[PDB]
Each structure stands twice: as C-alpha cells, then as structure tokens.
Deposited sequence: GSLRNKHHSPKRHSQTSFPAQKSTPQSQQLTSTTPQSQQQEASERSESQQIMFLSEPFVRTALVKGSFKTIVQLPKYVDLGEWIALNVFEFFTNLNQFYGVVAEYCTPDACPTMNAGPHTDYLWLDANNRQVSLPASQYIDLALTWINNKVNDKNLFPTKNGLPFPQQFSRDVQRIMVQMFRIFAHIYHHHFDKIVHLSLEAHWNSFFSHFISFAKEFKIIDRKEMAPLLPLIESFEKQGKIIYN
C-alpha cells in the first residue's frame, strides 16, 4: 500500500522561493541556537500536521520495501509515531539539551541527539507520505505539506544533519523537488 505523490500533486504552494533565506544560518548567529530553534519548530508543526491524519492511521507501520522498526533491542504505524512524537517532545523540552536560561550552553551530546531527532521526524514524514497522504489531498493540504517537506529537506541538506542514504523511501520525491528542494 504505497501512494503516488509524483502525480500533478507535485504542486507546492507557499514556496515562491527555494527556502535558502529562511534555512541559511544567519550571519554571526550562534550555530547551536539556530539548529535548536528550527528543530523545535519542525517538531511543533509536524506533530500538528500528524494530528489531522492521526484518525486514519490505525494498524494499516511504514512504507513499501523499507519498513521502519522501533522494536528490536530494549509496532503499528500509530504506535511508533505516537511514541516518537512524545519522545521528541521530552527531548525538545529537556533543559539539559535545550536550555532556556541565557548563560547555559548546549552540551556535547547536543549535535548527536539533533541527528537522532531529525531522522525520527523524517520517519514520521515517511508513513504520512506513504500511507496517509491521500487524505491530505482530500483536505487540500498538499500545498502546505509539500512546502513543509521541501523546507524540512532543504534544512537537512544545508547543515548535513541527515545522510543521503536515509532519504531512500522519499528520494524520488526529493529528486522531483529539485527546483524547490535546494541544490
């Protein structure tokens, strides 16, 4: 059960530009503060984006051929997303990694966990695009969801937080977006 986002629904509104201005690190701004704000922003909007399609994500876990798994060391699509969303919320509000006081800096773990937080958001991007994207089209949301992914992917390339390999399930879409998905 895979669905086709390569049809004329490769229409992205809200993307007059290529996202270069709002993704590029602002000059003289601390690099940690820039990543920390955008990751929180991406999680907040992705959690809300998943909220509209959460009603129709019941058992049927991931996309075709590539099936993600939270079960190994020590689930259906609704289960692993709900746990991942809650987990990112705990880490994103964790003052250890995301301090809100002015003097406190980001720890050494910060760079690695940001890499861990981004990939889960991409994996949550996968199930919705692969299995719950045709309700996005019903709700006329393909304009906002396409631009949200292109912004997210442009953010992944710019700071190299996500490996090229990891984008394999949505790689044809990213290639199709080359004009809006950053070069």
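Engineer: What residue ranges of the deposited sequence are absent from the coordinates?
Structural biologist: Unmodelled stretches: 1 to 49, 110 to 114, 129 to 133, 243 to 245.
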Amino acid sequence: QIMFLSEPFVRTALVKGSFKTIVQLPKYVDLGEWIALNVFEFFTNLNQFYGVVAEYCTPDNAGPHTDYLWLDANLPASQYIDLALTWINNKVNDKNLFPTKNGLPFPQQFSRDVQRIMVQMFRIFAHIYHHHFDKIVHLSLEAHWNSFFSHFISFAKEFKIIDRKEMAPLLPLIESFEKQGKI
From here on, numbers count along this sequence of modelled residues.
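Engineer: Decide which of the stretches 25 to 33 and 110 to 118 has the higher mean C-alpha B-factor, going by the entry.
Structural biologist: Comparing averages over the C-alpha atoms only gives 110 to 118.
Engineer: Quick one: say whether 136 to 144 or 123 to 131 has the higher mean Cα B-factor in the deposited entry.
Structural biologist: Higher mean C-alpha B-factor in the PDB entry: 123 to 131.
Engineer: Quick one: which of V39, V53, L69, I153 has the biggest Cα B-factor according to the entry?
Structural biologist: So the option with the highest C-alpha B-factor is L69.
Engineer: Taking the C-alpha B-factors as the PDB entry records them, is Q79 in the lowest, middle or highest third of its chain?
Structural biologist: For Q79, the deposited C-alpha B-factor lands in the highest third.
Engineer: Using only modelled residues of the chain, where does the Cα B factor of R164 rank: lowest third, middle third or highest third?
Structural biologist: Its C-alpha B-factor belongs to the highest third of this chain's values.
Engineer: Would the CA B-factor of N102 place it in the lowest, middle or highest third of its chain?
Structural biologist: As the PDB entry reports it, the C-alpha B-factor of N102 lands in the middle third of its chain.
Engineer: Going by the CA temperature factor in the PDB record, which third of the chain does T86 belong to: lowest, middle or highest?
Structural biologist: According to the entry, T86 has a C-alpha B-factor in the chain's middle third.
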